[PDB]
Amino acid sequence: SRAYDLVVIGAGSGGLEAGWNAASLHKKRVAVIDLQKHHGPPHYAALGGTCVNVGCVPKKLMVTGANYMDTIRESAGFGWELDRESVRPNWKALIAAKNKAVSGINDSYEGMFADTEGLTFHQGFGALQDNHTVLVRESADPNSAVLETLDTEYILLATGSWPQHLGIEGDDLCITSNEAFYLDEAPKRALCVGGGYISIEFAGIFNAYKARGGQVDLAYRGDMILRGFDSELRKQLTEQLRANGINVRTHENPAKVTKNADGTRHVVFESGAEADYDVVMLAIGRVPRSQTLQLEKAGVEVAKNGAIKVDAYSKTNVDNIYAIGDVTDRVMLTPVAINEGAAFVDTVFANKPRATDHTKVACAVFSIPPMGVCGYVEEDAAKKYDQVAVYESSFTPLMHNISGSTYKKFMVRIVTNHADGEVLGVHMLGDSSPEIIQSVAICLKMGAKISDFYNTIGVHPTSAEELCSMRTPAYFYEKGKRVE
Amino acid sequence: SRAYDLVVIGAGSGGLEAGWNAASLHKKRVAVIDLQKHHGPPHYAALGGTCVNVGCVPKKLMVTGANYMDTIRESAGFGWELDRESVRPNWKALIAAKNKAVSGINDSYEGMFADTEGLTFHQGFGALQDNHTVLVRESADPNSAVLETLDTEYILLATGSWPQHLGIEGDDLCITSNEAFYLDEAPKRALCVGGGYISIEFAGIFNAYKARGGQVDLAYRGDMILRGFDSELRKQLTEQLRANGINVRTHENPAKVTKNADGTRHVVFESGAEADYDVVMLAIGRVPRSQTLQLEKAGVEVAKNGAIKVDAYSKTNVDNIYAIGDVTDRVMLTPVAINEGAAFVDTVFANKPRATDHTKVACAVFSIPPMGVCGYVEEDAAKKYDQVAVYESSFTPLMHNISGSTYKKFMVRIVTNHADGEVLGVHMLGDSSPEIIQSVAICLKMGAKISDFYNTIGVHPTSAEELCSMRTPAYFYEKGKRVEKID
Ligand SMILES: Cc1cc2nc3c(=O)[nH]c(=O)nc-3n(C[C@H](O)[C@H](O)[C@H](O)COP(=O)(O)OP(=O)(O)OC[C@H]3O[C@@H](n4cnc5c(N)ncnc54)[C@H](O)[C@@H]3O)c2cc1C
Ligand SMILES: Cc1cc2nc3c(=O)[nH]c(=O)nc-3n(C[C@H](O)[C@H](O)[C@H](O)COP(=O)(O)OP(=O)(O)OC[C@H]3O[C@@H](n4cnc5c(N)ncnc54)[C@H](O)[C@@H]3O)c2cc1C
């Protein structure tokens, strides 16, 4: 009666969440398809998804490793004595540790499969034959052998994204975040291309594990890194990355990349400037991975960028085909993907239609120092509200007056509908800002006003307490006009 | 008009808050009185309060310093190679840096007076002659040169608390937290006596800067440390302190302390056990400091413990006399004192009456690892509601599988009113919990329900997103009784 109730193409953040719930909560027959069961080349992403394999999880362990550079230095101010010149970072050991951590998660995923009735794993490239037939092929090649044919009621596309490349000569000389997780040795000289959070987090990792004398450049075609983040936080972070040895190059981009005789690369920038590096990592952006799904065989509509068009309930134009996650180019974050997956199951296997709310979604940038952001940026709120008030506060935590890192300022900016004092967005820069922003997200989701913040008794001493001592605005926007 | 509109006895968190406001916001003549204007012996506290001089500020700087011991060690899992046997704590460097830090704040406070017409600093022991006259004597002795008299409309008593002593033979060979901030060398062996947060935070500061081979014991007469904090957290913190070398000695109390030839202290416990230590620190409590204010002259009613009885608006029994901060013995934390100080200026000077809410105040304990809590512990909620749900989650963060400090579990416990799901209390144990608890406090203020928490999209990866992943109760309390499920 149709072999399967569900066929999920992609065992990622969204796919596993949708699959597990349908199998377990609604006892459906679910086939989940993915390229491999363990992280690593050639596919990189595997059972568990981009996050577990080549994303959030390994990035966090690496950024954590990267942080010890700073703390070893800063411990001096507090009377900690050690042979500082003997200190050496071992990348090879970091990666070893990380690999063991990732494989362990991969392995736990397999157990889940054995532990669940109706949930089965199928290896191979999934593709569509029509709206009820999912092919499982040995390669992405549209005419490689078919390993399996899956007859199904519903189809859930959850294939993720993939690293964008630039069309320049030598692009094949560059690596992406995927390969970066497997580098044999830390580059001494490195170039991260791209102004987004992934580029920035990698400059930070490289910057700490590089050999004495190394250098990390960060190129970005635009005028200021992290497009879309609070502009004031953007300039500030630029300054602190610079304070730590990262050469931030706005208005730069490779034009040609050539391999030198020693292995190293050579880069010629659109400026005319040239430079040589051990590794050139593109982190220009991510693009929806729907190119080999044969979506046309089912009549599924897609956009110029390959994103599968979905409605609030993640349904494509074909009623029995749903699509969640990065492949939908809505909000490319794991928790969002997971929510959309849970909502999908509610919607189809429980008749309780739920749409994921893609607003007030908080996020963090694990740069060193990290960012924790949520809600509107001044600019956007200004174009949607009468008059908005912007509150701002900065300070150098006391410990940093003693540690050496005087450049390390903590900043909190809050944006509000000045008419009713509703908090439209809260943006912070400084350690702990990712942990802090989570609960702030609950506030924003609840409709919190600025008087809800300053009326809560502070916790002292913490950085977070600054959130509660902001009673007067710095300036305003009246009709998109920058006022007072 | 009288000489002054207000005279503030105590230039601390609350007093200074009130003084500056009445002065800089209503343009009133306000005199503020403190014993000294720079931190240190013999009075320890000074202009800026207990927090600034020998409390919050220096204890946090010194806990940060203490953390480096775990940080340096944990760095190995992540590939940091260094001569491990070369790591050495230098206590005198820490003390000097803390000293430069505090003096600087002591200085800024000074500047604040120079630039506030109306705000005036006086120096000595403020005491009362009558309800409109306060004396600033030279010393605590009533037989002291009355340095000055100040005629005044309103009096604000904001003198704080002071370490509590034991009355045992040898108490004078012991120290309290005031002296601990000035020790010349880290003790190799130390006895922290007390179960509250000051004793715990100090046990971890000493545990970190001690000479190797050294040892820190925490002794507490009670059954479990942190009386008044979540029971599970209390249990879990104890094991984590034990994991890092601290000897938690429960049902233990010094019976007598004599002096050793080498100048260490020999302590005989009520149990009969005996041990030697370099420093015996008493952190058994803090008593409200109202004993030398001559309240009997202005007729202010006082508790048995010396607490100065006030009403919701902090007014005493004599209508022109207010008391705020630790001396009222309500919630002894800086932000509460500050909040009570601003409440008072609104009430008296702007006729906009305000009562500080002493409910749902978030607080943190800077132990290693730290705690951050807000709201009711489940035992109190069960007395008030017929059905209460307790949600729980604990996980070893991943970084701790690599760092090797495998014992550092993050624990999140939420207690709700099951009738409608209102969050009654949130309690966390783990790194970053002081920071996370601040925003949670904002939710609780607003009346958040558990649904509000789990309907929020998480930030990944963080320890905090765990707050948004708890949808099923662990157990409940039905009419005060613990139950596995509501029947
Ligand atoms: C370096 C990096 C760091 C990131 N850090 C964070 C972070 O800290 N926090 C955060 O929230 N987000 C982070 N993200 C983003 C996050 O990983 C994604 O948003 C999220 O994983 C999207 O999940 P998904 O379910 O859409 O698909 P994915 O998790 O990407 O999984 C899709 C799966 O489908 C498989 N697949 C693709 N095509 C086929 C096919 N034809 N047949 C079979 N299987 C196929 C892929 O192998 C993949 O495993 C990061 C991303 C990157 C690249
Ligand atoms: C070790 C330690 C750590 C602490 N850590 C924290 C923490 O991390 N976070 C937190 O919120 N709280 C903490 N506290 C508590 C916090 O310091 C107090 O709750 C707060 O300072 C109380 O403020 P107050 O205004 O009541 O009085 P205080 O700040 O104590 O100020 C009272 C002032 O009055 C002066 N004074 C007293 N008597 C007289 C007199 N007769 N004449 C003139 N002047 C006089 C005193 O010198 C003192 O300066 C800590 C306390 C201690 C002891």
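By Swiss-Prot numbering, chain A shows 2-485, in order.
Determination method: X-ray crystallography, 2.0 Å.
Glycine residues also receive a Cβ, built from the backbone N, Cα and C atoms like all the rest.
Of the listed residues A:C52, A:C175, A:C52 is the one Swiss-Prot pairs with A:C57, by disulfide bond. A distance of 44 Å separates the Cα atom of A:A47 (FAD binding site) from that of A:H461 (active site, proton acceptor). Proximity to ligand 1 (Cβ under 6 Å from any of its atoms) holds for these recorded positions out of A:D35, A:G41, A:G50, A:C52, A:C57, A:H461: A:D35, A:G50, A:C52, A:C57. Of all the recorded positions given, namely A:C52, A:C57, A:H461, none has its Cα within 10 Å of the Cα of A:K38 (FAD binding site).
There are 23 other Cβ atoms within 10 Å of the Cβ belonging to A:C52 (disulfide bond). Least crowded of the binding-site residues (A:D35, A:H44), judged by neighbouring Cβ atoms within 10 Å of its own Cβ: A:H44. Those binding-site residues from the list A:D35, A:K38, A:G41, A:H44, A:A47, A:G50 that have a Cβ under 8 Å from chain B Cβ atoms: none. The sparsest Cβ neighbourhood within 10 Å, among the listed recorded positions (A:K38, A:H461), is found at A:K38. Reduced to three states, the DSSP call for A:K38 (FAD binding site) is coil.
Each residue contributes its Cα atom, and for A:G41 (FAD binding site) and A:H461 (active site, proton acceptor) those atoms are 45 Å apart.
Counting other C-beta atoms within 10 Å of each candidate's C-beta, the recorded positions A:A47, A:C57 are led by A:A47.
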